[PDB]
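The chain below stands alone and is given in structure tokens; this is the form deposited in one PDB entry.
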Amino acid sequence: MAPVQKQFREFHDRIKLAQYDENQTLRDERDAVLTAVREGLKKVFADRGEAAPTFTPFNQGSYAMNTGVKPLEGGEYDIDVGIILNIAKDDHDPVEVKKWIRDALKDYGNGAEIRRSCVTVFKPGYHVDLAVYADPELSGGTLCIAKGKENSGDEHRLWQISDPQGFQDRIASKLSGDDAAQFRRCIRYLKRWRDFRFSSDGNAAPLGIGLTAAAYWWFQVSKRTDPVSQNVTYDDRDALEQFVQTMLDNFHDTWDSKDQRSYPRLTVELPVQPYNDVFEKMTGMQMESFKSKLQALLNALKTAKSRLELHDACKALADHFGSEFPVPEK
């Protein structure tokens, strides 16, 4: 077995959160919000003199893709869900449609909020992010998400071409079996690193979807086949070292005319529509901090390879991964 592999797997067991289809609690919290949307739309549409439109819900985000992590103490669960409203996009304003959902959920938990990309509802210990889409069958065959808030300049308010199930299919399908298992472990490892080392400034933290898209482009399996038994052993430390090095190699110094300097930027295109850079909202200074911490993680992953003492290998990794990374006693 590869050095530190046991402690990586132990760390993975401690940080992993069971996906929607294996997590009753998450299914219930989701369905509660979906139910409240149905009840709430009735009242919103009583004032407009017709039945509320129906919607088809579908699972989104990490809890759909089986890349979910437990939040740190005092953090929140992030339940991502899509609702496809039975509406023609050309007949309605994206913000109008999100307002229906917001007003439907006004008196639910700690309230609700129109965001650029979703309506978020807040509960004690979690938020539900409802991505709101128009019916492709009434919108010319395209699935469009409702983008914009009231404060949006009307250029940032639109029905944008979207492919959440294509993205989810791409993450599911890149690899199979135990290869796909290591891919998913390495995404969870980076998400716990993110939560541990980007807690001072939440807005500077690399988005989950960015780390997931980065793994889609750049993750390579690391495993070894014993030449006698043909018995396959995974090397998560090496897989993470190669993946972190490849992310670092993809940073580009980017001129900023305001500050009259460059910042190192990592561009990560979504592999599906709308093919946007999911890191575009991260500032140059946030990107430089992201790069330095990624370099520090890369250095720790190399240190963990060379150490005489398993204690010293694990301790070097725990400094980047936090309190769930096992450190065997010297």
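Residues that one form lacks are left out of the comparison. Rigid core: the largest C-alpha set superposing within 1.5 Å between the two forms. Numbers for residues come from their place in the sequence shown, where the first is 1.
Form deposited in another entry: not shown, discussed below.
Only one of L72, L175, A204, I161 has its Cα shifted by 2 Å or more between the shown form and the other one after fitting on the core, and that residue is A204. Annotation: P206/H320 CA-CA distance longer in the other entry than in the displayed model, change of at least 3 Å. Pairwise change in the other entry: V119 and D201 C-alpha atoms lie closer than in the shown form, at least 3 Å. Once the core is fitted, the segments that move between the shown form and the other one, counting only runs of three or more residues with each CA displaced by at least 2 angstroms, are 199 to 202, 204 to 207.
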